[PDB]
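Going line by line, the protein sequences match chains A and B. Just so we're aligned: 38 in PDB author numbering is position 38 of the first sequence, and the numbers increase by one with no gaps anywhere. Numbered according to PDB author numbering, the second sequence spans residues 1 to 121, 124 to 222.
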Amino acid sequence: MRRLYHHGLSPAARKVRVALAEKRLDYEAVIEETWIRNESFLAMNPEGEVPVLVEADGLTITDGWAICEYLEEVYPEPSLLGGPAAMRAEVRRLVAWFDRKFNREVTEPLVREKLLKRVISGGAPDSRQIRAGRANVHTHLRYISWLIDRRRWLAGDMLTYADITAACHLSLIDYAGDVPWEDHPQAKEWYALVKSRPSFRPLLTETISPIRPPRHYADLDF
Amino acid sequence: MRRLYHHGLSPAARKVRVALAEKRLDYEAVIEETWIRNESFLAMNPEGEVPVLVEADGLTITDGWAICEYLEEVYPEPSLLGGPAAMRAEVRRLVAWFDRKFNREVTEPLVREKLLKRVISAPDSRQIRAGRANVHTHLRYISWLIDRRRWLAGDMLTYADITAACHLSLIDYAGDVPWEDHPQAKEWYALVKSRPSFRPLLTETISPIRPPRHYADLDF
C-alpha cells in the first residue's frame, strides 16, 4: 500500500503527513532514521533524506516540495494550492518563507541543538545557536500575526500548504518548548486552529525518544 | 513589459532569467543588490531576496520556485517540467538536489567566501576547500545521470538542467569547477551554456570580480 518514509524531526516529512491526511489519502508511515547510514534507503533516495513517498505501484517521489506538487497534480481535491495562478504563487511564496527563511533562522538551529543532539551521541547544545533561534522566532510570529489578522488563513481564503508548512515548523519548535506563544496571541490562535485538525493528530501524539515534549504540546486548548 | 528583479550572485535569479528566455518571454532585468537595505524593495518582497517577477499589469511573483511554477502554469509551452507526473516529480527532485544539497555543500560557501566578500569587503580557506571537494561528488552524479539520459531528468531539457547549470555557472565564475576531471558533465554544461537563454549570464559581470578566461567561452 502507499507508504511514506519519514521521521518525527523532519519538518518536511511532517508537512507531507499533514497533506496526505488533508487529502484523505491513506498511507503506511515508515520511520527512517537518516542519521544512520542505510545503503538500501540511499539507493531509493540518493539525497538520503526523508520524506519519500512510494505509491502502491512503486512510483517513488522524493523531496517535500516535489511530493506536495505531485499530490496536487494526482489528487487535486481538496486543493492545498488554490485556483488562480496569483493565489498559488502566494501559497508558494509563503511555503518558501518557512522552508527557507524560518527553517534557516529557527528550525535548523533549535531542532539540531535541542532535539537531534539528544537523539544521537551529538553532545553539548550550542547556546549561541539556541539564543539566535529563540530571538528569530519572534519576527516570524509577528509576520504570521500580521497575515492572519487580515486573512482567513495564511495565504488567503482557504487552508493551504502555507499553513501546513508554517505549522509543521512551529510544531517542532513547540516540541522543543521554545515558542513564545503568549507574546503573539494572533499567531497562537491560528496555530490552535491548525493543531486541532484531524490531519495534525499524529504530530501531537507521537514522540521522539528520548525527548519528552512540553506539557502543553498536545493540548488543543493551550 | 514584465520586469525581473535580480542580481548576478543569485542562483535562483539566474535560473529565472534562463527560464524566461527558454519560454521566449521578454522582460526587463532590474538589478537589486539585496545586501544593501532598501525599504521599498522589502515592501514589495518582505523576504528581501531576489528574484521577484512583476508582470506588465503589476502582478508580483516572489521566490524562484514560485516564479518557475507560475511560468509553467501561465506560459505552458515550451514546458520546462514535462508531461507525466513521474517525469515532473524527477525534475522537481533534481531541482531540490541542486537548490538544497549542491547549494549548501558548494554554492553557499564558495559564493560567500569568493564572490560576496569581495563585493562588500578574509576568505575562509577551510570552507573554500570543503566546497571544492564537494563539487566533485556532484559532478560525478551529473555524469552518471547524463550517461543514461539526454538531459538531467530525461529526454528534454528542464528546470533540472537549468538549476544545475545556474549553480555551476556561479562556481565557474569563481573559477572553482574541476571540469578536467569530469568530461561527461563538462560536455553537458557546454551544451547548456551555449543556449541563447544563457547568454546574459555569460556576458554580464559582477564588480569587482573578473571571471576566468573560459567563463564566457562556448568552446572551453
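Where a beta carbon is used, it is the ideal one built from N, C-alpha and C, also for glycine.
- Across the structure, A/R142 and A/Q186 are spaced so that their CA atoms are roughly 9 Å apart.
- With respect to chain A, the C-beta atom of B/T139 has no partner C-beta closer than 7 Å.
- Secondary structure note for A/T62: its beta strand (DSSP E) is the uninterrupted segment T60 to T62.
- In this structure, B/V74 keeps its C-beta atom at 7 Å or more from the C-beta atom of B/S199.
- The straight-line gap separating the alpha-carbon atoms of A/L94 and A/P202 is approximately 24 Å.
- Contact check for A/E49 against A/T34 passes: the beta carbons are separated by less than 7 Å.
- Under the three-state reduction of DSSP output, B/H7 falls in the coil class, being neither helix nor strand.
- The stretch 56 to 76 of chain B makes contact with the stretch 92 to 108 of chain A: 3 or more CB pairs, one atom from each, lie closer than 8 Å.
- Contact between the stretch 158 to 172 of chain A and the stretch 97 to 112 of chain A is established, with three or more Cβ pairs separated by less than 8 Å.
- The beta carbon of B/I120 lies closer than 8 Å to those of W35 in the same chain, with the five residues before and after it left out.
- Within its own chain, the residues whose Cβ lies closer than 6 Å to the Cβ of A/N45, once the five positions on either side in sequence are excluded, are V52 and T62, listed in chain order.
- The closest CA to that of A/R3, considering only A/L115, A/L9 and A/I31, is found on A/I31.
- Contact between A/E90 and A/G156 holds, with the beta-carbon distance rounding to 7 Å and staying under 8 Å.
- For A/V52, the uninterrupted beta strand (DSSP E) run begins and ends at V52 to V54, by DSSP.
- Shown here for A/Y191: same chain residues with a beta carbon closer than 7 Å to its own, the five before and five after excluded, namely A167 and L170 in chain order.
- Boundaries of the alpha helix (DSSP H) harbouring B/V95: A85 to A96, taken from the DSSP string.
- Under the rule that a run must span 4 or more residues, the alpha helix (DSSP H) segments found entirely inside the stretch 176 to 216 of chain A read 185 to 195 and 201 to 205.
- Close to chain B, meaning a Cβ-Cβ distance shorter than 8 Å, are the following residues of the stretch 71 to 85 of chain A: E73, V74 and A85.
- For B/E39, the uninterrupted alpha helix (DSSP H) segment begins and ends at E39 to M44.
- Pairing A/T139 with B/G82, the inter-Cα distance amounts to about 38 Å.
- B/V137 is positioned such that its CB atom lies no closer than 7 Å to that of B/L9.
- Straight across, the Cα-Cα distance linking A/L71 with A/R88 is about 14 Å.
- By alpha-carbon distance to B/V179, the top candidate from B/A162, B/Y217 and B/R152 is B/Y217.
- Per the C-alpha coordinates, the member of A/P210, A/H6 and A/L42 positioned closest to A/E28 is A/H6.
- In this structure, the straight-line span from the alpha carbon of A/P76 to that of B/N38 is close to 40 Å.
- Nearest CB-CB separation between B/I61 and chain A: below the 7 Å threshold.
- Non-local beta-carbon contacts of B/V194 in its own chain, meaning distances under 7 Å to residues more than five positions away in sequence, involve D163, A167 and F200 in chain order.
- When beta bridges are read from the DSSP output, B/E105 appears opposite no residue.
- Close to A/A66, with beta-carbon spacing below 7 Å, are these residues of chain B in chain order: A89, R92, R93 and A96.
- At a cut-off of 7 Å, the C-beta of A/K15 has no neighbouring C-beta in chain B.
- Rounded to whole angstroms, the gap between the alpha carbons of B/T207 and B/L115 is 11 Å.
- Shown in chain order are the members of the stretch 101 to 129 of chain A whose Cβ falls below 8 Å from a Cβ of chain B: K101.
- Think of a sphere of 8 Å around the beta carbon of B/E32: no beta carbon from chain A falls inside it, the nearest being about 17 Å out.
- Per DSSP, the continuous alpha helix (DSSP H) segment holding B/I120 begins and ends at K117 to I120.
- Taking CB atoms only, B/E69 has a neighbour in chain A less than 7 Å away.
- A/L220 places its beta carbon 7 Å or farther from that of A/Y161.
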